[PDB]
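Okay, so here's just one chain, in structure tokens, the form deposited in one PDB entry.
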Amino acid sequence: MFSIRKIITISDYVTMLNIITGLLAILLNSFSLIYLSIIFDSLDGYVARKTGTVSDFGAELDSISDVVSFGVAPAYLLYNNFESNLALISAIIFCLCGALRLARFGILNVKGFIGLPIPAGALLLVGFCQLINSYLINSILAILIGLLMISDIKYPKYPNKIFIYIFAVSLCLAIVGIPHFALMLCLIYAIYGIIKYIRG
């Protein structure tokens, strides 16, 4: 008897792949698997709305996967690959800002985002932890990226299919070892949110 098998759907199958990849990045110390987790997290919602398998269980499961993949894993990667007392303070602040902004997203039903979304925060931190070899610098970004995440800066979701693929190609290049394009499209998407907010 496992009645939980009744509410599991095809979209939840992709979400569990997103959980596995996020937890595997923690266990295997892989920055690359975080890039695979962004591909999954940007797809399972599209997969849900395509097969009609949208559910509150899948929505809750969608954010549980964000916790593992884009909240704990990037904080772990930052500390495990930059062992310091500065980085430990920053990994905590980064993870707490992820939990807080995911608790806000859980009670909201808006098209866009309130504050920088947690996948864009992970891609920034992880991509910065892959290109910069600095305990001090990467710790300041994590705190900066964290404060962006619990802010009121509105960000657009526009999950139109071409936008996902364009984002995903850079993630495919990021997985194989060139995150410069994944990081370029993220820093542009980040400051774009700033300007549209400061402009009004």
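Residues that one form lacks are left out of the comparison. Under this definition, the rigid core comprises the largest set of C-alpha atoms superposing within 1.5 Å between the forms. All residue numbers are counted from 1 along the displayed sequence.
Although not depicted, the form deposited in another entry is the subject of the following passage.
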* Structure fact -> Candidates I64, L147, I140, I166; compared between this form and the one not shown on the rigid core, the one with a C-alpha shift of 2 angstroms or more is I166
* Asked: in that other deposited form, do the Cα atoms of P159 and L187 sit closer or farther apart than here, given a shift of 3 Å or more?
  -> closer
* **Shift in CA distance, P159 and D62, in that other deposited form relative to the form shown here, given it is 3 Å or more** => farther
* Asked: Which stretches of at least three consecutive residues shift by 2 Å or more at every Cα between this form and the one not shown, once the core is superposed?
  -> 159 to 166, 195 to 200
